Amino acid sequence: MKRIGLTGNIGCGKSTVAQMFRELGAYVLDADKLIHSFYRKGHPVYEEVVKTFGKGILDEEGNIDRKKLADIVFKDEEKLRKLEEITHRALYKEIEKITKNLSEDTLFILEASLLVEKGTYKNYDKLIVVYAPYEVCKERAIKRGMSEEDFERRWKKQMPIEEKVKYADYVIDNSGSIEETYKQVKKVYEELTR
């Protein structure tokens, strides 16, 4: 099977596209969504993140303070490197677990919105990016509720979408309408299962 990557910026429609693609038959796995489940509790990732960063330093009665950790990790990039490791050590250890039962010739896509800057797109055959102007993305996260500063706080991290577009061999612009966005993915899905 061909490992496909679906990326973009926050509020670009990666979700809606990931969905359309699933309807078409593709198997889209939200990497980011999955990761967040690692910091829950009984999760094996949890036991490691605490085991290596502090049985309690980053704890708040029961679970882990996503702020305390992100704090003691913004000082020395040595700890972050270790954090980014445990993560992928769980992602690429769970991806093959799913690929196990996954029938062949199946269209397996992975959306993380951070396959470019994190330099991971090289781990997948082709890359798909969803374009959308800062204007549309902002109000998009707005109408969905996320607070202006919070949005801009993340958008800052992600590289200029107008530059990211120059990283994928497929760009399903999601600024126009829904009819167009879906009409595009459909074209792409055809260009992947030929």
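Residue indices: 1-based, along the sequence shown.
J.: What stretch has the higher average Cα B-factor here, 118-126 or 83-91?
T.: The stretch with the larger average C-alpha B-factor is 118-126.
J.: Per the record, averaged over C-alpha atoms, which has the higher B-factor: 151-159 or 34-42?
T.: Comparing 34-42 with 151-159, the higher mean C-alpha B-factor belongs to 151-159.
J.: Sort 49, 28, 58, 146 by C-alpha B-factor from the entry and give me just the highest.
T.: Reading the PDB entry, the winner on C-alpha B-factor is 146.
J.: Using the B-factors in the PDB entry, rank residue 1's C-alpha atom against the chain and give the third, lowest, middle or highest.
T.: Tercile = highest for this residue's CA B-factor.
J.: Split into thirds by Cα B-factor across the chain's modelled residues, where does residue 54 land: lowest, middle or highest?
T.: For residue 54, whose C-alpha B-factor we compare with every modelled residue in the chain, the answer is the lowest third.
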